[PDB]
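Here are two versions of the same chain, shown separately as structure tokens and labelled structure 1 and structure 2.
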Structure 1
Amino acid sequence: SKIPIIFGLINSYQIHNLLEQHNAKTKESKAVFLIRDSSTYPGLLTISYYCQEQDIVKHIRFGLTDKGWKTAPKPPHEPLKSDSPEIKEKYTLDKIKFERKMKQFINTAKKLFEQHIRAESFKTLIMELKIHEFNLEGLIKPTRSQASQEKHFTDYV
């Protein structure tokens, strides 16, 4: 009857309110966090938390590698209509780099995500959370109706 610790596809309003309900804004950054299915890249996990320094919710994507869960490539900063030609020229190169790196990353991650759950992938998720200095006691756990239904997470309990 155990519920996975991974959220399913939840919306941005719900993410903010879950963090606020668990008092993320009166605790250090990463003291409170949640883990959810990525809404952009199936097979990836996204860690959402509150960044005290910027007063915003931030997100970090993880995917399976041969070594276990690792951080995915991160995208360059979004275009701003105030951008100069220099910013936009750099963005072109950085976006191509991101897309190439993310395409390779997802192709490997999806294959591993699809493969049989010998379950020892779960330990590597905890390791990467520790390396990122997420307070594991601050993990927000989903309710049954909000938990991920991905078969890979059935024993992520």
Structure 2
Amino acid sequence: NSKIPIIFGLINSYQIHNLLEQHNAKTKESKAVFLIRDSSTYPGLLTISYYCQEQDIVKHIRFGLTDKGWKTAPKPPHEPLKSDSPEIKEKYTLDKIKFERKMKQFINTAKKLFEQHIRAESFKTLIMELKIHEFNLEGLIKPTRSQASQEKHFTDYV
């Protein structure tokens, strides 16, 4: 009963950076070190945060509960930039429409599953989706008790 979930609660971008640095993420391969948190943008999803060697930036990938367990969420379009050409802006408009449609359905489904205590295993499906995205599970950063998610769904994600 005293075990701490492996899922972070709400954590800010500054602490995400500093936790990745504490575990030497910037001198390891991308995804060799990562953490799993309650998403601050979409409640009921999870966000996997890691360091991207190729672009020297922290990157995030969202998962959500689906009928078969945790799966990768719809991919958001590339965030706009001051340098964006008309061609990039036009693709953004299309990708964003498609993303918002797909994400709305995905979130609505995830929320309904997240609200129920289902007597079927789901933690293993999170582990499996992490493997599908090639996350070094030995490199999982574990929260302290005060850092960990308070969500009832994650009590046994230990």
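Rigid core here is just the name for the largest C-alpha set that superposes within 1.5 Å across the two forms. For numbering, take structure 1's sequence and count from 1.
*Asks:* Tell which of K90, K130, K111, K101, after superposing on the rigid core, has its C-alpha displaced by 2 Å or more between structures 1 and 2, please.
*Replies:* Single residue meeting the criterion: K90.
*Asks:* If the core is used for the superposition, what shift in Å does the C-alpha of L80 show between structures 1 and 2?
*Replies:* Its alpha carbon moves by 2.3 Å.
*Asks:* Core-aligned, what does the C-alpha of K25 shift between structures 1 and 2, expressed in angstrom?
*Replies:* Once the two forms are fitted on their core, the shift reads 0.5 Å.
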